[PDB]
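Peer 1: Sharing a structure below in structure tokens format, with a few things to ask.
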Amino acid sequence: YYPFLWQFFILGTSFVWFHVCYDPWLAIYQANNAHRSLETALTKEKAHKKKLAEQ
Amino acid sequence: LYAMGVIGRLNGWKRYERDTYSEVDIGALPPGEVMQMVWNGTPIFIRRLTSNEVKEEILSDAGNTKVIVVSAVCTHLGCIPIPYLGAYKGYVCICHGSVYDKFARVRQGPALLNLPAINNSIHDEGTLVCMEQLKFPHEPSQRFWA
Amino acid sequence: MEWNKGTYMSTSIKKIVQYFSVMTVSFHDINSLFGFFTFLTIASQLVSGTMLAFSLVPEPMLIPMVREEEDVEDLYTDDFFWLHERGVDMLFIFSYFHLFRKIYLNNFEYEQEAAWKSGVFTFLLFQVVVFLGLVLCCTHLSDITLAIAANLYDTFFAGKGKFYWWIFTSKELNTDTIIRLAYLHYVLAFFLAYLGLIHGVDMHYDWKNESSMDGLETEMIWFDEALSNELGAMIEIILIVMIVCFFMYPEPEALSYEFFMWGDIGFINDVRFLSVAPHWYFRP
Amino acid sequence: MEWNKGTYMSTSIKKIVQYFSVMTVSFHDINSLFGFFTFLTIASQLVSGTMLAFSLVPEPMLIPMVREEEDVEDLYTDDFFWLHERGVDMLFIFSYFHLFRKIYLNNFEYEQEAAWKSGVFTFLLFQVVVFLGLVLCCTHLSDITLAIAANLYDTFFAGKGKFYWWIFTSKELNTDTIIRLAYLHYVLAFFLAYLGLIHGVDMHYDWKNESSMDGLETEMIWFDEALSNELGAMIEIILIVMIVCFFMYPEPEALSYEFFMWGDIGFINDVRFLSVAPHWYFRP
Amino acid sequence: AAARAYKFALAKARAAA
Amino acid sequence: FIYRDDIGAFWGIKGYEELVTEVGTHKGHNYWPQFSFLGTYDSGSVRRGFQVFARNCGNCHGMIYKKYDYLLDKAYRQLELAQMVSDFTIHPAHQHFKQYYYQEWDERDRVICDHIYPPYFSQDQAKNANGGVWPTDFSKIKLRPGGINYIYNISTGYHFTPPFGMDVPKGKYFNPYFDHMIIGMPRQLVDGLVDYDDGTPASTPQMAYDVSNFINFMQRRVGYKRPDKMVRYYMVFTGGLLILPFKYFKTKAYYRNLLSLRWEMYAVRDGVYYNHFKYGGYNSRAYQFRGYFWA
Amino acid sequence: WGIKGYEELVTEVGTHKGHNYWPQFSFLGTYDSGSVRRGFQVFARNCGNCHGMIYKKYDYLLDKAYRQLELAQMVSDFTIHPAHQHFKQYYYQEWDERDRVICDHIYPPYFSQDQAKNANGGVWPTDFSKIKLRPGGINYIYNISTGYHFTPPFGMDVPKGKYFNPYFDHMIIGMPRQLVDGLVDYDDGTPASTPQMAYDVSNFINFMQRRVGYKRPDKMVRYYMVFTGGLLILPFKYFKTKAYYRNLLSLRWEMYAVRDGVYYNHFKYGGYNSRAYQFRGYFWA
Amino acid sequence: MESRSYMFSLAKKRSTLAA
Ligand SMILES: CCCCCCCCCCCCCCCCCC(=O)OC[C@H](COP(=O)([O-])OCC[N+](C)(C)C)OC(=O)CCCCCCCCCCCCCCCCC
Ligand code: HEC
Ligand code: HEC
Ligand code: HEM
Ligand code: HEM
Ligand code: HEM
Ligand code: HEM
Ligand code: FES
């Protein structure tokens with residue numbers, strides 16, 4: 001009975017739509033490529049550098 | 001989503017922050033000395049003040065002495081102001097006699113404003129001075145999801 | 001102007017608003033929405049073209065470098081370029097489906113006389129605008145298309161006199177012709193939008209879903225009851241196109257018709273004449 | 001739009017042609033033709049601006065060199081630039097003379113209120129277009145004007161955020177700003193032409209040579225009996241202005257206004273002349 | 001601008017040492 | 001509507017019968033992590049590829065359209081990239097558009113915002129230095145048969161002899177993946193040529209794989225941006241699929257509800273003539289029909 | 001009057017106080033071809049070693065003051081490098097020094113403005129493109145060239161490495177005096193005095209400018225032709241407009257008495273208004 | 001190109017040897 005409150009309701013529905021379609025795909029995409037990260041590459045590089053230094 | 005893209009195209013984006021960090025040493029600088037250099041293409045002044053001059057009446061505590069970092073330029077019109085010429089009469093250019101009062105007190109004469117401050121910090125005991133422009137947020141700051 | 005009897009509908013803001021607020025649409029199917037699909041993709045094309053034009057400097061020696069620079073330093077320039085290309089593809093598909101549907105429905109009577117000439121004129125203007133953009137692409141294919149258009153235009157004058165110079169200059173993609181063709185592309189695109197709007201306002205006289213009269217007198221109001229169906233059908237069409245493209249165009253591919261676009265005018269003065277291939281809509 | 005009752009006239013081509021064919025004007029004199037002088041100089045400005053736009057690359061580091069090169073390699077580019085500048089001058093002079101004449105005649109009445117608001121709106125759009133054109137010059141004066149406009153925008157938005165970025169990116173004349181402002185100049189100039197046509201349609205309701213009524217009921221036809229007078233009066237004004245400029249702007253001239261336009265935004269960065277000087281129309 | 005109709009349009013012939 | 005496979009024209013595209021084209025994609029499947037489902041680039045692979053390019057490939061080729069800072073946040077950090085790029089020098093004559101910004105007049109160390117230029121000043125200088133042929137720019141090398149696979153196959157594939165009737169002149173080498181099977185590039189990748197920073201063994205296939213990954217990463221519409229856009233495509237597809245039922249509800253169910261009408265016809269014999277039917281009717285196109293039609 | 005920007009330097013000698021004569025600024029004058037030729041010679045020998053003209057090409061002075069082959073040889077005596085190019089668009093494929101051509105921009109021997117400043121002790125030799133916007137216009141070059149005779153006043157304190165010049169801003173310039181007697185060797189045998197060299201180089205530099213230069217005298221002649229055409233068209237416009245209106249206003253009016261007994265039922269119950277839709281429902285109710 | 005807003009727009013600070 002309050003049209004602007006109903007518009008807020010529609011905005012909430014759009015928010016739910018976006019987050020439902022956004023969160024799971026991003027989660028699985030990030031979980032699939034954990035081993036392909038710059039942090040992993042830098043870890044390997046630092047380990048090799050330490051080995052070569054104390055060689 | 002479409003409106004977000006349209007507005008973001010017009011507002012632009014800052015991909016990353018350029019590096020302007022630079023270090024200088026003033027450990028061998030005698031007290032009461034001025035030094036002019038160029039940082040990021042602009043002439044700047046490094047001064048090692050003393051307690052006697054400070055009491056004479058923004059500020060770095062490089063040991064016993066005090067150090068001030070400013071950008072060497074005349075604000076009303078382009079200059080390389082000459083320091084140490086008359087103390088309170090120092091900080092004067094050829095075009096006008098409006099001095100810069102040896103400090104950031106600004107108002108001395110026809111020249112308007114004072115030498116802009118430079119973001120800096122002395123991180124050794126009194127010797128190493130780091131300087132770099134102030135950092136501001138530029139969100140979104142994530143370029144890659146994965 | 002004594003041979004003119006006037007306009008079927010005088011184009012005024014208040015009258016447009018009133019007409020679109022009390023306009024009614026009869027019950028129909030998905031085969032009779034290609035016109036509104038074309039309107040949607042035309043509006044999207046206008047917006048994406050404005051976004052792209054805020055970054056294209058009309059200099060043939062700077063266009064590829066500027067396009068590369070704007071991609072990495074902005075978030076949506078390449079998205080808008082992709083939108084603009086896919087909108088061209090969708091425009092061609094929808095316009096050809098619309099024309100085929102009219103031909104099958106045999107809309108060749110005096111009451112459909114008005115809606116035919118305007119549509120054909122709109123189609124010609126659309127093809128001209130597409131050609132202008134393709135030339136603006138500034139590759140070897142752009143040069144070939146410009147040369148072909150210049151030769152066909154000169155054939156009208158039988159090769160005597162340089163009557164083409166005001167638009168094509170020396171039949172190459174230099175700065176003057178690039179500026180002229182870019183500005184012409186923009187202006188003619190907006191004129192295209194206006195002409196399409198006129199043609200689409202000329203629809204209500206004889207609007208039918210099928211070739212068979214249904215005899216129904218009640219019809220739905222356009223603003224919500226028909227606009228929602230139009231948007232949903234557009235979504236379904238986009239979904240089908242996405243499925244077909246995903247399962248038909250693997251990446252990377254062995255060969256493509258777009259490998260002829262590698263050559264940049266100026267930078268590469270050697271042209272691979274064997275693999276000359278346009279886009280699919282000029283392939284016929 | 002229940003609060004809107006329509007328009008005074010329709011802008012249809014046939015309606016406009018018939019209206020201007022049957023239009024009749026009463027007997028007038030020189031002080032009642034500044035509107036047509038403004039119309040003619042707007043048409044000249046449109047043509048000269050199009051010829052100028054076919055040569056300006058919107059790269060700020062190329063604009064001065066391109067301006068210099070186009071002058072020597074063509075026959076009329078500098079002539080069209082001169083026409084554009086003098087047309088801006090004559091536009092300001094004619095518009096202010098016209099406004100002063102209306103204020104003297106005391107046309108702040110209800111039966112010509114409609115012809116007033118449209119005129120003021122066209123004038124404001126004229127100011128905006130002139131500002132954009134001034135910015136397009138890519139000199140130190142252009143940079144100063146851009147900084148002033150951006151600072152006014154920021155003060156209007158209370159200096160919080162960067163709401164000016166979409167139009168004035170960094171308050172400085174980079175290529176992103178130049179492209180947008182040039183395209184805005186072009187489109188808003190054409191919109192100015194349309195608004196001027198609207199105001200010229202809204203004039204015939206209460207048209208008087210002088211404040212005092214003349215009881216004459218016979219009027220000349222506009223197409224030739226009044227257009228000839230308008231063209232002749234324009235020739236009169238042009239001759240008078242030529243005489244004045246010859247007797248008031250000798251060559252060579254020392255210590256002039258145009259000495260702040262020497263520096264370029266990119267070429268000259270270590271020099272900024274403190275004593276700025278705008279054109280005579282933004283001087284107030 | 002050296003890439004113009006009156007100038008060297010597309011540098012098909014180039015200035016080389 | 002059906003095309004042969006033994007004529008060298010893949011899927012009806014003609015013009016590439018003079019080279020091997022389908023090995024990477026159609027005849028055999030070369031695996032690249034960034035082109036799989038929900039896959040992305042390998043940061044270490046791109047890092048090693050840039051190392052290979054900087055140490056060997058960059059001495060002849062260039063990527064004029066692109067700058068070094070493409071590798072930020074995915075392959076290198078700002079400081080390490082700064083030193084690595086500073087290992088090379090640039091000149092004012094290198095600049096494609098040397099406006100007032102580049103005020104140098106001699107060689108200087110490169111910075112990460114500099115365009116990746118070859119050591120040569122011009123393409124003609126490159127041709128003169130490389131025996132008449134120009135080392136191709138890598139800015140748009142994606143438009144080659146099999147793209148990233150094209151780069152890998154060209155780097156490898158120096159292991160064949162020309163057939164009878166084909167002659168290989170001096171300064172040229174046989175490579176089936178190059179156009180006309182005659183290339184001006186001597187074999188570059190040898191075993192152990194580049195010492196990797198991460199200690200990965202350096203073989204010819206490994207270096208070719210890494211450099212192909214790096215070059216593809218630098219590309220447009222197929223590099224450093226495609227995977228996230230495919231994820232976005234998946235999200236939008238999910239959204240459309242989930243919104244389909246509500247669209248059906250609204251449109252089709254509403255129409256079916258609106259069409260549930262009841263109709264009744266009755267006999268009217270009250271002695272009133274249908275003058276409104278005989279003497280009624282309007283038509284908006286009457287201004288067109290009048291004077292011309294049916295007179 | 002009222003130009004308050006410049007207060008120190010001398011400005012009005014060329015034009016206001018004194019009347020310097022330049023043939024291109026006479027009523028029906030034009031450039032002197034020999035003067036422009038000698039001016040380009042002077043610029044090539046001395047001036048072009050520091051200043052340059054970025055926006056201008058050498059193929060100026062063609063068909064007037066120079067011929068194609070002689071200009072080609074004279075500019076081929078000069079040198080140019082790819083580092084000089086403001087914008088190389090794949091045309092300039094040379095990777096080393098080469099001889100200049102008439103279609104080349106007039107670059108200084110320096111690669112960059114900062115290089116010029118470093119060579120010239122921190123001051124940049126100003127580009128001669130758009131140098132017409134200096135006090136006096138064409139007279140600025142002549143005054144600066146001949147302004148090394150006067151002495152500074154008391155307490156002037158001319159800095160080391162600078163020189164005194166009345167016409168330069170702040171009275172102090174960083175250019176040593178360049179024009180001396182017999183510095184150049186004119187091809188046509190004209191004596192080489194300091195005023196003569198200054199006159200020639202000023203003529204050439206002014207000839208190189210855009211709005212005032214090679215095109216201006218023809219523009220003035222065109223203005224004269226158009227003014228004469230307007231003067232000649234004055235009588236016929238008067239005839240048509242004013243005479244036609246006077247002839248049309250030669251009416252005769254007659255008003256008679258009508259007493260036939262018919263009421264003015266058309267004055268009453270009459271009248272149509274184009275803005276009736278604007279007045280209705282709003283005004284006078 | 002370096003004249004853009006996200007780049008070194010008007011070249012207020014030049015890339016040079018300075019010293
Ligand atoms: C239509 C076919 C193509 C679909 C994809 C086209 C691109 C995205 C859609 C908008 C058009 C392009 C505008 C340009 C700007 C895009 C900005 C953008 O998307 O940013 C990423 C935005 C914001 O992401 P962000 O804020 O995390 O930033 C992105 C960060 N990087 C750069 C690292 C990727 O995210 C999404 O769009 C997520 C996917 C969609 C989420 C749900 C949307 C609504 C769900 C209901 C849909 C119902 C049906 C709709 C009709 C279509 C049916 C097929
Ligand atoms: C200098 C000796 C070179 C080095 C080091 C590398 N390349 Fe090269 N390459 C060079 C030339 C002179 C040519 C042209 C041959 C011709 O006949 O045109 C090439 C060619 C290529 C190609 C072919 C591209 C094409 O236009 O089809 C590729 C894919 C290529 N080169 C790749 C490549 C890589 C990956 C390198 C690093 C290992 C590399 N080249 C080094 C000269 C030289
Ligand atoms: C190198 C030694 C030079 C030669 C040869 C010439 N000029 Fe020069 N000029 C030079 C410098 C370093 C400067 C800058 C001085 C400053 O303080 O800014 C100048 C300046 C001028 C000017 C003043 C321009 C202005 O700032 O508006 C003029 C008019 C001028 N020079 C003229 C000129 C002429 C005519 C020459 C040929 C004889 C000439 N200069 C040679 C350095 C050098
Ligand atoms: C419906 C109308 C339009 C059509 C049919 C159209 C068609 C095209 C086509 C076919 C291309 C070439 C893209 C390719 O390579 O396949 C193109 C590119 C382009 N169009 Fe449009 N266009 C339209 C509207 C516009 C508008 C309104 C603008 C400007 C406001 C515009 C500006 C551009 C620009 C700048 C490019 C080049 C982009 C680039 O090269 O990166 N277009 N257009
Ligand atoms: C190829 C040339 C074209 C011809 C000959 C043509 C002809 C027609 C005809 C005869 C109709 C009436 C259909 C009926 O009676 O049921 C029609 C409808 C329509 N046309 Fe076209 N047309 C053409 C192209 C276009 C284009 C390019 C557009 C888009 C701008 C367009 C937009 C429309 C629209 C919106 C309708 C109303 C139907 C609907 O909204 O779904 N037409 N056209
Ligand atoms: C067809 C429409 C128009 C186009 C395409 C156009 C285009 C241009 C261009 C390209 C320039 C820059 C020329 C140069 O710097 O070499 C310019 C300058 C300018 N335009 Fe326009 N213009 C148009 C109409 C107008 C109108 C109606 C006005 C209003 C009086 C106007 C006012 C200006 C001004 C003041 C300048 C700056 C000239 C100066 O002061 O040096 N333009 N225009
Ligand atoms: C922007 C340029 C303008 C143009 C092209 C223009 C055009 C015209 C024209 C053609 C007329 C008829 C009389 C004549 O020929 O002079 C006229 C009259 C008039 N204009 Fe404007 N006008 C402009 C600006 C303005 C402005 C800023 C105002 C201020 C409100 C204004 C208010 C009037 C009034 C009150 C009349 C008298 C109406 C009449 O006597 O019929 N005009 N204008
Ligand atoms: S110039 Fe420095 S005191 Fe003003």
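Going through the structure tokens in order, the chains are called A, B, and so on, while each chain numbers its residues from 1 and the ligands are numbered from 1 in the order shown.
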Once the least-squares fit of chain D onto chain C is done over all Cα atoms matched in order, how many Å of RMSD are left?
Peer 2: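 That comparison of chain C with chain D gives 0.6 Å.
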Peer 1: Compute the set of protein, DNA and RNA residues whose minimum atom distance to ligand 8 is at most 12 Å, using only C-alpha atoms and all ligand atoms, and state it as a PyMOL selection string.
Peer 2: (chain B and resi 72-83+89-101+106+108-115) or (chain D and resi 274)
Peer 1: Excluding residue 5 (chain H) and any residue of its chain fewer than 5 positions from it, enumerate the residues within 8 Å of it, using only C-alpha atoms, and give them as a ChimeraX atom specification.
Peer 2: /D:169-170,174-176
Peer 1: Residues within 9 Å of region 1-7 of chain E, please, as a list in words. Count only C-alpha atoms; anything in the same chain fewer than 5 positions from it doesn't count.
Peer 2: residues 59, 60, 61, 169, 170, 172, 174, 175, 176 and 177 of chain C; 62, 65, 66, 69, 73 and 74 of chain D; 87, 88, 89 and 91 of chain G
Peer 1: Limited to N, CA, C and O atoms, could you put the picked residues into a file as a CSV table (one decimal), in the first residue's frame?
Peer 2:
```csv
chain,number,residue,atom,x,y,z
C,59,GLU,N,42.8,9.1,-36.6
C,59,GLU,CA,44.1,9.1,-37.2
C,59,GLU,C,44.5,7.7,-37.6
C,59,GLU,O,44.6,6.8,-36.6
C,60,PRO,N,44.7,7.3,-38.8
C,60,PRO,CA,44.9,5.9,-39.2
C,60,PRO,C,46.2,5.4,-38.6
C,60,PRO,O,46.3,4.2,-38.4
C,61,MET,N,47.2,6.2,-38.3
C,61,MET,CA,48.5,5.8,-37.7
C,61,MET,C,48.4,5.6,-36.2
C,61,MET,O,49.4,5.2,-35.6
C,169,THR,N,38.8,10.7,-51.3
C,169,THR,CA,40.1,11.3,-51.6
C,169,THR,C,40.8,10.4,-52.6
C,169,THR,O,40.3,10.1,-53.7
C,170,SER,N,42.0,9.9,-52.3
C,170,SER,CA,42.8,9.1,-53.1
C,170,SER,C,42.5,7.6,-53.0
C,170,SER,O,43.4,6.8,-53.2
C,172,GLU,N,42.4,5.8,-50.5
C,172,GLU,CA,43.1,5.2,-49.4
C,172,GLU,C,42.6,5.7,-48.1
C,172,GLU,O,41.9,6.7,-48.0
C,174,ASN,N,43.6,7.6,-45.5
C,174,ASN,CA,44.4,8.7,-44.9
C,174,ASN,C,43.5,9.4,-43.9
C,174,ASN,O,42.4,9.2,-43.7
C,175,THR,N,44.2,10.4,-43.2
C,175,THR,CA,43.5,11.1,-42.1
C,175,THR,C,42.3,11.8,-42.5
C,175,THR,O,41.3,11.8,-41.8
C,176,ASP,N,42.3,12.5,-43.7
C,176,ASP,CA,41.1,13.2,-44.1
C,176,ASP,C,39.9,12.3,-44.3
C,176,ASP,O,38.8,12.6,-43.8
C,177,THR,N,40.1,11.3,-45.1
C,177,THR,CA,39.0,10.4,-45.3
C,177,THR,C,38.6,9.6,-44.0
C,177,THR,O,37.4,9.4,-43.8
D,62,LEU,N,48.6,17.6,-31.3
D,62,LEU,CA,48.7,17.8,-32.8
D,62,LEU,C,47.9,18.9,-33.3
D,62,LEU,O,48.0,19.3,-34.5
D,65,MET,N,50.0,22.1,-34.8
D,65,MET,CA,50.8,21.7,-36.0
D,65,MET,C,49.8,21.4,-37.2
D,65,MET,O,50.1,21.8,-38.3
D,66,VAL,N,48.7,20.7,-36.9
D,66,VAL,CA,47.7,20.5,-37.9
D,66,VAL,C,47.1,21.8,-38.4
D,66,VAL,O,46.9,22.0,-39.6
D,69,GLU,N,49.7,23.3,-40.7
D,69,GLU,CA,49.9,22.6,-42.0
D,69,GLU,C,48.8,22.7,-42.9
D,69,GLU,O,48.9,22.8,-44.1
D,73,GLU,N,48.8,24.0,-47.0
D,73,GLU,CA,48.5,22.9,-48.0
D,73,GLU,C,47.1,23.0,-48.6
D,73,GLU,O,46.8,22.2,-49.5
D,74,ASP,N,46.3,24.0,-48.2
D,74,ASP,CA,45.0,24.1,-48.8
D,74,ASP,C,44.8,25.6,-49.3
D,74,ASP,O,45.8,26.3,-49.4
G,87,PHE,N,56.5,13.3,-34.7
G,87,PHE,CA,55.6,12.2,-34.9
G,87,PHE,C,56.1,11.4,-36.1
G,87,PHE,O,55.8,11.8,-37.3
G,88,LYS,N,56.7,10.3,-35.9
G,88,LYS,CA,57.1,9.4,-37.0
G,88,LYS,C,56.0,8.3,-37.2
G,88,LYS,O,55.8,7.5,-36.3
G,89,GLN,N,55.3,8.3,-38.3
G,89,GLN,CA,54.1,7.5,-38.5
G,89,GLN,C,54.4,6.4,-39.5
G,89,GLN,O,53.6,6.0,-40.4
G,91,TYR,N,56.6,6.6,-41.7
G,91,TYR,CA,57.2,7.1,-42.9
G,91,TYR,C,58.7,7.2,-42.8
G,91,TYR,O,59.5,6.8,-43.7
```
Peer 1: Compute the set of chain C residues within 6 Å of chain F, using only C-alpha atoms, and express it as a list in words.
Peer 2: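 Selected residues: residues 65, 229, 232, 253, 254, 255, 259, 262, 274 and 275 of chain C.
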Peer 1: Using only C-alpha atoms for the distances, tell me which of D:114, D:184, D:16, D:192 is nearest to chain G.
Peer 2: D:114
Peer 1: Give the residues of chain G that lie within 12 Å of chain H; count only C-alpha atoms, and format the answer as a list in words.
Peer 2: residues 87, 111, 112, 113, 114, 115, 116, 117, 118 and 122 of chain G
Peer 1: What residues of the protein or nucleic acid chains come within 9 Å of ligand 2 when you use only C-alpha atoms and all ligand atoms? Reply as a PDB file with C-alpha atoms, in the first residue's frame.
Peer 2:
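Below you can see selection.pdb, which holds the result:
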```
ATOM      1  CA  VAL F  52      62.288 -16.143 -22.177  1.00  0.00           C
ATOM      2  CA  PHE F  53      61.036 -13.204 -24.255  1.00  0.00           C
ATOM      3  CA  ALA F  54      63.305 -10.730 -22.464  1.00  0.00           C
ATOM      4  CA  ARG F  55      66.404 -12.903 -22.760  1.00  0.00           C
ATOM      5  CA  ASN F  56      66.019 -14.283 -26.308  1.00  0.00           C
ATOM      6  CA  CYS F  57      62.883 -13.293 -28.224  1.00  0.00           C
ATOM      7  CA  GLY F  58      63.022  -9.561 -27.492  1.00  0.00           C
ATOM      8  CA  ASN F  59      66.368  -9.164 -29.267  1.00  0.00           C
ATOM      9  CA  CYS F  60      64.590  -9.292 -32.643  1.00  0.00           C
ATOM     10  CA  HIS F  61      60.812  -9.027 -32.120  1.00  0.00           C
ATOM     11  CA  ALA F 126      65.223  -4.692 -38.643  1.00  0.00           C
ATOM     12  CA  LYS F 127      64.955  -5.958 -42.227  1.00  0.00           C
ATOM     13  CA  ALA F 129      69.852  -6.526 -39.839  1.00  0.00           C
ATOM     14  CA  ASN F 130      67.927  -9.782 -40.392  1.00  0.00           C
ATOM     15  CA  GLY F 131      68.922 -10.488 -43.999  1.00  0.00           C
ATOM     16  CA  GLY F 132      66.007  -8.787 -45.745  1.00  0.00           C
ATOM     17  CA  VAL F 133      63.127 -10.163 -43.650  1.00  0.00           C
ATOM     18  CA  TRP F 134      61.338  -8.365 -40.832  1.00  0.00           C
ATOM     19  CA  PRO F 135      60.844 -10.080 -37.451  1.00  0.00           C
ATOM     20  CA  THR F 136      57.081  -9.801 -37.188  1.00  0.00           C
ATOM     21  CA  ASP F 137      55.491  -7.713 -34.453  1.00  0.00           C
ATOM     22  CA  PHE F 138      53.720  -9.767 -31.784  1.00  0.00           C
ATOM     23  CA  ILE F 141      49.956 -12.399 -33.586  1.00  0.00           C
ATOM     24  CA  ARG F 144      47.554 -16.836 -37.011  1.00  0.00           C
ATOM     25  CA  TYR F 150      50.800 -21.319 -33.907  1.00  0.00           C
ATOM     26  CA  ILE F 151      53.487 -19.710 -31.762  1.00  0.00           C
ATOM     27  CA  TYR F 152      54.313 -23.038 -30.104  1.00  0.00           C
ATOM     28  CA  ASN F 153      54.403 -24.923 -33.420  1.00  0.00           C
ATOM     29  CA  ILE F 154      56.639 -22.329 -35.075  1.00  0.00           C
ATOM     30  CA  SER F 155      59.023 -22.410 -32.108  1.00  0.00           C
ATOM     31  CA  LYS F 172      66.225 -19.635 -45.173  1.00  0.00           C
ATOM     32  CA  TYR F 173      65.090 -22.733 -43.299  1.00  0.00           C
ATOM     33  CA  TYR F 177      54.137 -24.277 -39.936  1.00  0.00           C
ATOM     34  CA  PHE F 178      55.278 -21.111 -41.722  1.00  0.00           C
ATOM     35  CA  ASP F 179      53.674 -19.858 -44.916  1.00  0.00           C
ATOM     36  CA  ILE F 182      60.280 -21.478 -45.895  1.00  0.00           C
ATOM     37  CA  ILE F 183      61.179 -19.203 -42.971  1.00  0.00           C
ATOM     38  CA  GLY F 184      64.000 -16.732 -42.378  1.00  0.00           C
ATOM     39  CA  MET F 185      64.309 -17.526 -38.663  1.00  0.00           C
ATOM     40  CA  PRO F 186      67.139 -19.833 -37.580  1.00  0.00           C
ATOM     41  CA  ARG F 187      66.273 -22.192 -34.750  1.00  0.00           C
ATOM     42  CA  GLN F 188      66.364 -20.130 -31.550  1.00  0.00           C
ATOM     43  CA  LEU F 189      65.216 -22.373 -28.689  1.00  0.00           C
ATOM     44  CA  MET F 207      60.434 -22.605 -23.235  1.00  0.00           C
ATOM     45  CA  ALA F 208      58.122 -22.687 -26.258  1.00  0.00           C
ATOM     46  CA  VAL F 211      56.717 -17.971 -24.348  1.00  0.00           C
ATOM     47  CA  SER F 212      53.475 -18.937 -26.097  1.00  0.00           C
ATOM     48  CA  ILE F 215      52.532 -13.814 -25.858  1.00  0.00           C
TER      49      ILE F 215
END
```
Peer 1: How would you report the residues lying within 7 Å of ligand 1, as a PyMOL selection string, if you count only C-alpha atoms and all ligand atoms?
Peer 2: (chain A and resi 17-19+21-22) or (chain B and resi 1-2+4-6+142-145) or (chain C and resi 75-76+79-80+83+235+238-239) or (chain F and resi 228+232-233+235-237+239-240+243)
Peer 1: Atoms to include: C-alpha atoms. Write the selected residues as a compact mmCIF listing (two decimals), in the first residue's frame.
Peer 2:
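Resulting contents of result-v6.txt:
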```
# COMPACT_ATOMS: atom_id res chain seq x y z
CA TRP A 17 18.96 -11.88 -8.05
CA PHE A 18 22.43 -10.41 -8.53
CA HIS A 19 23.97 -12.14 -5.53
CA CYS A 21 23.75 -15.37 -9.86
CA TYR A 22 27.13 -13.95 -8.75
CA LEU B 1 24.84 -3.73 -14.87
CA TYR B 2 24.48 -1.82 -18.14
CA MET B 4 27.29 0.64 -14.23
CA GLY B 5 29.31 -0.02 -17.37
CA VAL B 6 28.17 3.19 -19.06
CA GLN B 142 41.00 -5.78 -8.09
CA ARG B 143 42.04 -6.44 -11.69
CA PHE B 144 41.71 -10.24 -11.75
CA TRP B 145 39.06 -12.48 -10.20
CA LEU C 75 37.29 -1.52 -17.61
CA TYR C 76 34.53 -1.35 -20.24
CA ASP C 79 33.06 -4.71 -23.51
CA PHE C 80 31.44 -1.89 -25.47
CA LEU C 83 28.65 -5.14 -27.72
CA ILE C 235 16.21 -12.81 -23.42
CA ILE C 238 19.98 -14.19 -26.53
CA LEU C 239 20.11 -17.48 -24.61
CA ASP F 228 36.71 -13.58 -16.26
CA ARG F 232 30.54 -13.54 -16.50
CA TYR F 233 28.91 -15.33 -19.44
CA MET F 235 26.63 -16.03 -14.53
CA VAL F 236 24.43 -14.28 -17.10
CA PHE F 237 23.34 -17.62 -18.57
CA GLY F 239 20.42 -15.61 -14.56
CA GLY F 240 18.49 -16.01 -17.80
CA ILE F 243 14.36 -15.88 -14.85
```
Peer 1: Which residues are near residue 59 (chain B)? Cut-off 12 Å, only C-alpha atoms, ignore same chain within fewer than 6 positions. Put them as a VMD selection string.
Peer 2: chain B and resid 46 to 51 65 to 70 103 to 104 117 to 122
